[PDB]
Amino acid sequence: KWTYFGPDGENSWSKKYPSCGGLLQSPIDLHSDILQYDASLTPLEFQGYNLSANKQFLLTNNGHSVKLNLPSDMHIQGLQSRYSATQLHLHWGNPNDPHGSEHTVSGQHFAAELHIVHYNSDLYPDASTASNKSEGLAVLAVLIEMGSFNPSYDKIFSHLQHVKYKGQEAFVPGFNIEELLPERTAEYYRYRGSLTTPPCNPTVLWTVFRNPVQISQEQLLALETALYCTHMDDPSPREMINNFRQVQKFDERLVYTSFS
């Protein structure tokens, strides 16, 4: 059992999950001193991101986040290996402190963060097998700030009242996942890191887009208030809030940028 609060919280994860105290942990603060321009960081191609609108995809409350299952025909091109999609999920704060992004930029939290998880389908036969192996995973990270209402994010958020409790599921019709990505996806940070949740394996190639997307105050407040980490039958509910890991030491590592 692990939480983001109290005795079972992030300072104690290493007691249950060895890699959480290991090398190459994520997330990190993106700041000037550790950035290095790299011209060989070329645009990624998002292939099969336009999901079949005639297909439905499973949304689950797994007690730590809300997760959308993705099909393996969706993938990233441009990296050395092909990486096929497995799921996306989010990280957020709470109404009294709506700064719940995992990555920070010059010490500043965004409201929230989206992760699109991909596994190395050239080297490994599935995402579970890949997760603890060399070059196993690649995540796209989208930083989210309070702003304009986002119709694309609402294709997920519109279903939150039907996954309020741990283990609840809802079907989401196919839409274009590329719509969840910000402007100028050519501009990104790249570094070698880890899962930000147990088991914290140091197997992730990270791509954090430079530009945030916006969702509205009300979309943000829905995300922060809809979900519980407890089961529906539990008469002592706990709210699912502040499900973000604190930033990690970045000792020796640099962050490579496609922009300058």
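Basically, rigid core = biggest C-alpha set you can superpose within 1.5 Å across the two forms. All residue numbers refer to positions in the sequence shown, first residue = 1.
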Problem set entry | 230 to 238 against 195 to 203 - segment lying farther from this form in 9 other deposited structures of this protein (CA RMS, rigid core fit) | 230 to 238
Seminar exercise, completed: By Cα RMS to this form in 9 other deposited structures of this protein after fitting the core, the stretch ranking higher of 97 to 105 and 123 to 131 is 123 to 131
Problem set entry | Between the two ranges 112 to 120 and 158 to 166, the one averaging a larger CA B factor in the entry | 158 to 166
Exercise. Would 38 to 46 or 192 to 200 have the larger average of its C-alpha temperature factors, as given in the entry?
Worked result: 38 to 46
Problem set entry | Maximum C-alpha temperature factor, selected from 232, 213, 227, 208 | 232
For this session: Just grab whichever of 125, 100, 71, 136 has the top CA B-factor as deposited.
Result: 125
Exercise. What third of its chain's C-alpha B-factors does residue 5 belong to: lowest, middle or highest?
Worked result: highest
Exercise. C-alpha B factor of residue 93, ranked within the chain: lowest, middle or highest third?
Worked result: lowest
For this session: Classify residue 21 as lowest, middle or highest third according to the C-alpha B-factor given in the PDB entry, relative to its own chain.
Result: lowest
For this session: Could you say whether, by C-alpha temperature factor, residue 218 belongs to the lowest, middle or highest third of its chain?
Result: highest
Exercise. Split the chain's modelled residues into thirds by Cα B-factor; is residue 130 in the lowest, middle or highest one?
Worked result: highest
